[PDB]
Ligand SMILES: C[C@]12CC[C@H](O)C[C@@]1(O)CC[C@H]1[C@@H]2CC[C@]2(C)[C@@H](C3=CC(=O)OC3)CC[C@]12O
Ligand SMILES: O=c1ccn([C@@H]2O[C@H](COP(=O)(O)OP(=O)(O)O)[C@@H](O)[C@H]2O)c(=O)[nH]1
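In PDB author numbering, the protein residues as written are 12 to 72, 83 to 164, 173 to 247, 267 to 412, 416 to 472.
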C-alpha cells in the first residue's frame with residue numbers, strides 16, 4: 012500500500028476534515044498514519060474502527086495566553102518531533118510517501134521535503150476566505174471592502190482578528206503565512222467544491238493547480273454521546289428541532305448564554321444545544337436539569353454529522369465555523385448565523401448573502420433573546436424560512452454531485468490518488 016501521513020493543526024475543526032479525507036483515502040487502499048499531539052490524544056476515545064494508525068507527538072507548549090510566543094514554540098517543537106516520528110516510520114514497511122499537513126502549518130513542507138516525502142497543504146477554510154489571506158500576504162489588504178470575486182464586504186464581514194486583542198497581530202501573520210510557500214507545495218487541497226464558489230476557484234486555479242476535494246465529511269474520534277442524541281431526535285417530528293452549537297473553541301459569556309437560554313425557552317421549539325462540558329457552569333442555574341427538560345436536550349458534544357442529517361432538524365444556530373457551515377449546506381439545513389471571530393464573520397456573510405441559506409443576528416455587544424427569537428421565527432415559520440430551506444436543499448444536491456462519480460471533488464480526489472501512483 013502507499014503510506015500517507017496526516018498532520019492536522021491540533022483543534023477539532025482541523026482534525027475532523029482531515030480525518031474525513033483520510034477515511035476516504037483509506038477506502039481507496041491507502042495506509043494512513045495520523046499525527047496528533049499528546050493533548051489531542053487525551054480526548055480521543057474511539058479509534059479502533061478507523062484502522063488508521065495514530066502516532067502522538069509532544070504538545071510542544083494555552084496558546085491564547087501569548088499567541089506569538091507559544092505558536093512559535095509549537096512550530097519548533099512540531100518540526101523537531103515530526104522529524105523524529107518520520108525517522109522512526111522510515112524503519113517500517115510501507116515507507117511513508119506523502120505528508121498531508123494543515124495549511125496553517127506551512128513550514129511543515131520543509132519537513133516533508135527534507136524527509137523525501139511529497140507535501141500536500143490541506144486548507145480547512147473555503148477558497149473565498151482563503152483568498153483574503155493571500156491578499157493580506159500580497160499586501161493588498163491589512164487587518173466597504175472590494176476583493177476580486179468576493180461580494181462587497183463591510184468591515185464586520187472581514188475575518189475577525191481584532192477580537193484577539195494583543196494576539197491580533199500574530200493571528201493575522203499566521204493566516205497570511207498559509208500562502209508563503211504555495212508555489213513549492215506538491216499538492217494544494219481545499220475542503221470545498223467548485224459549484225460553491227466557481228469564480229474564486231477559477232481565479233485560484235489560474236495561479237496554482239489546486240484540488241478541491243470537499244466536503245471531505247461523508267466518523268468520530270471523540271465522545272459524541274451518539275445513543276442519547278439520536279434516540280432523542282428519533283422522538284421528534286420533521287422540521288421541529290433547532291440545533292444549537294458554537295463549535296469546539298468559541299466561549300460565550302454567561303450574559304450571552306442567558307439570552308440564548310431564554311430565547312430557546314421562549315421560542316417554544318424543541319432544541320438540541322451543544323454546551324461543552326467546561327462551558328456548562330455558565331448556563332442559568334436550573335437550565336440543564338429542569339428548564340430545558342420539556343423541550344431541549346443539552347449535551348456536551350453530539351454526532352454533528354448524524355444530527356445535521358436527521359429529518360427532525362429544522363435549522364442550525366451556529367457560530368459559522370467552516371466545517372459547521374459546509375456540513376449544514378451539504379445536509380440541506382438552513383442556519384441562524386452567530387459568528388464570534390476569525391473566519392466566522394466572513395462565513396456568515398457568505399451564508400446569508402451569497403448562498404442564501406441563513407440569516408444573521410444583529411448585536412446591540417450582546418445578541419439579545421428577542422433578536423434570536425426573531426431569527427428563529429424567520430426560519431421556522433416565515434416564508435423567508437421556506438426559501439432558505441429550498442436554497443439549502445439545492446446546495447445539498449450540488450454537494451451530492453460533487454462527491455459522487457463524475458463530480459468535481461470525486462475527480463480531484465481521484466487525480467490526487469492517481470498522482471501518488
Ligand atoms: C485565538 C484562539 C481563540 C479561541 C481560544 O480561546 C484561544 C485560541 O488561541 C485557540 C487557537 C485558535 C483560536 C482562534 C482561531 C485560530 C486562528 C485557529 C485557526 C487556524 C487557522 O488556520 O484557521 C483558524 C486555530 C488557532 C487559533 O489561533
Ligand atoms: O457537538 C459537536 C459540535 C461540533 N462538532 C464538530 O466539530 C467541528 C467544528 O468545526 P468548525 O469549523 O465548525 O468550528 P470550530 O470548532 O473550529 O470553531 C466540526 O467537525 C463539527 O462537525 C461535533 O462533532 N459535535
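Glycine included, each C-beta is placed from N, C-alpha and C at the ideal position.
Closest option to residue 354, judged by alpha-carbon separation, among 268, 88, 202 and 385: 268. About 6 Å separates the beta carbon of residue 306 from that of residue 332, a gap short enough to meet the 8 Å contact definition.
Short note on residue 410: C-beta not closer than 7 Å to any heavy atom of ligand 2.
For the set 247, 218 and 270, the Cα lying nearest the Cα of residue 239 is the one of 218. In the three-state reduction of the DSSP assignment, residue 317 falls in the coil class, being assigned neither a helical nor a strand state. In the displayed model, residue 123 falls within a strand according to three-state DSSP. Inclusion of residue 405 and residue 446 in the CB contact set at 8 Å is warranted, their separation being smaller than that value.
A distance criterion of 7 Å places the beta-carbon of residue 226 beyond contact range of ligand 2, judged by its closest non-hydrogen atom. Using a Cβ distance threshold of 8 Å, residue 127 and residue 207 count as a contacting pair. In the three-state reduction of the DSSP assignment, residue 110 falls in the helix class, which pools H, G and I. Counting the other CB atoms within 10 Å of its CB gives residue 227 a total below 16, which places it among the exposed residues.
In this structure, residue 352 has its CB closer than 7 Å to one or more heavy atoms of ligand 2.
Counting only runs of at least 4 residues, the segment 48-72 fully encloses the following alpha helix (DSSP H) elements, listed from N- to C-terminal order: 49-54. Listed as beta-bridge partners of residue 46 by DSSP are 66. Taking the CA atoms as reference points, residue 103 sits about 37 Å from residue 177.
The segment 293-356 is shown to contain whole alpha helix (DSSP H) runs of 4 or more residues at 302-315 and 352-356, in chain order.
Contact check for residue 409 and residue 384: beta-carbon distance about 7 Å, within the 8 Å limit, so the pair qualifies. By the C-beta criterion, the segment 41-54 is judged not to be in contact with the segment 318-332, since fewer than 3 inter-stretch pairs fall below 8 Å. Looking at the DSSP output, residue 14 sits in a beta bridge with 42 and 117. Pairing residue 187 with residue 29, the inter-Cα distance amounts to about 25 Å.
Counting only the Cα atoms, residue 236 lies some 42 Å from residue 427.
If you check the CB distance, residue 459 and residue 241 come in under 8 Å. Residue environment: residue 35 is assigned as buried (16 or more neighbouring CB atoms within 10 Å of its CB, all protein chains considered).
It is roughly 42 Å from the alpha-carbon of residue 130 to the alpha-carbon of residue 418. By the Cβ test, the segment 380-397 is not in contact with the segment 341-348, since fewer than three Cβ pairs between them sit closer than 8 Å. If you look at residue 133, you'll find it in the alpha helix (DSSP H) that goes 129-135. The beta-carbon separation of residue 270 and residue 54, rounded to 5 Å, stays under the 8 Å limit for a contact. Closer than 7 Å to some heavy atom of ligand 1: that describes the Cβ of residue 84.
Per DSSP, residue 84 is not a residue of any beta strand (DSSP E), being assigned neither H nor E. Taking 7 Å as the cut-off, one finds no heavy atom of ligand 1 near enough to the beta carbon of residue 392. Within its own chain, the residues whose Cβ lies closer than 7 Å to the Cβ of residue 232, once the five positions on either side in sequence are excluded, are 177 and 178, listed in chain order. Residues 130 of the same chain have their beta carbon placed closer than 7 Å to that of residue 213, with the five preceding and five following residues left out of the count. Around the CB of residue 329, fewer than 16 other CB atoms lie within 10 Å, so the residue is classed as exposed. In the DSSP annotation of this structure, the continuous segment of the alpha helix (DSSP H) that includes residue 431 starts and ends at 420-431. Two segments are said to touch when three or more pairs of C-beta atoms, one from each, lie closer than 8 Å; by this definition the segment 358-369 touches the segment 283-290. Not one heavy atom of ligand 1 falls within 7 Å of the beta-carbon of residue 210.
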